[PDB]
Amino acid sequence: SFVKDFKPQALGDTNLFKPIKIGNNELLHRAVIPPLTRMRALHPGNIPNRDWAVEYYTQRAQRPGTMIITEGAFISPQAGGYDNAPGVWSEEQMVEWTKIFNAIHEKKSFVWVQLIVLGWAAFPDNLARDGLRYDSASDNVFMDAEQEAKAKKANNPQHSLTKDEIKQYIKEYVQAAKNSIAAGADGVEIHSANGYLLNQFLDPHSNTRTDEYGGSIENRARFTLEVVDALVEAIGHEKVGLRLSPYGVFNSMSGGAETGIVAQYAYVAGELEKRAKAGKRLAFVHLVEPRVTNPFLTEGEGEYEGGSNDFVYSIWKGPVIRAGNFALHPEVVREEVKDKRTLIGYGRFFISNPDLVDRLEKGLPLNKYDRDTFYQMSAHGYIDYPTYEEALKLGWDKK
């Protein structure tokens, strides 16, 4: 059915529908698909879903010139820990990714692989089964009670990364980015948000190290910036973006409660701009808004009104993708896109609306999303959400 108490607004008369260049891609509009983990990958091997994944991305690539960022993909087995999320380290995986990339490109759209490393968000029992460590920045605070319980039962202690192990992860990032580009991707997004490994280093709560990788702003940011530099060198600055969530609390990050949090993120932005003047400007910075500090919470919940991402624009001078509760707030988008380098990521409503871009342009009703199938092993709630035309044929305007 359609979202009931929503008054759509046509955004065709705004910059959301002005073309823009991101890296090597000529986007025809500024509605971006942000990375959305869907858990349809198959076990063993973390293989992109052989039955449905091409169709899912094809559907969502349907508006020509759409930028798509993939669901997070593990750079290596040690970086993983969810059996049904995909990786980008093996030939088996890349064969499926290549079909996905070809399909998106056939629709005249673009695809950026998000590269992820879970750290403490991983399931310790899955890792133990596979003889893998349970990693994080430090070893004196756990993510939450459920993870502590899983670690205890699995006899798999949260491990503070040694330096060489950080270097190994960097090696894996480089190979993963190379694999992605070689298989046909337009670029990669480095995930440094949402409480995953790089974020665990950035955050003073999860990072209590006393070596060069913690204990200060520059040190906490070291790992993230090393990955940025390794990837820019490997595949080019124009094929690399970075995702951050300064006010996020998901996966036990600090958010605005940490008074040093803006300085930490301002520093990272500064270092990117530094490189940008040094000739190596990233394709974009992608920010999760304080509009959504936890993506599991329904729209309008977990809003942080005490902080803004606007500080980033004073520092970083490249394109900025912003994501978080924008689908139901066209009045907010209308204002934000007046800035000529701002793009808008729409997550949950791209899950439920394969033709979301047409709907934004024309101010059409939106399909409600079904949270129950966000992470199901099913085609249902993955590839069977209707376009607006299909919805009308199904009589959804009458429900």
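The first residue of the sequence shown is number 1, and the count goes up from there.
Looking at mean Cα B-factors across 284-292 and 178-186, the upper value is held by 178-186. For the pair 109-117 and 204-212, the mean B factor over Cα atoms is greater in 204-212.
For the set 308, 168, 245, 90, the maximum C-alpha B-factor listed in the entry falls on 168. The maximum CA B-factor among the listed residues 146, 71, 258, 96, taken from the PDB record, is found at 146. For residue 315, the recorded CA temperature factor ranks within the middle third of the chain's modelled residues. For residue 195, the recorded CA B-factor ranks within the middle third of the chain. Only modelled residues enter the ranking. Residue-level temperature factors show residue 326 in the lowest third of its chain, judged at the C-alpha atom. The PDB entry assigns residue 19 a C-alpha temperature factor belonging to the middle third of its chain's modelled residues. Compared with the other modelled residues of the chain, the Cα B-factor recorded for residue 100 ranks in the lowest third.
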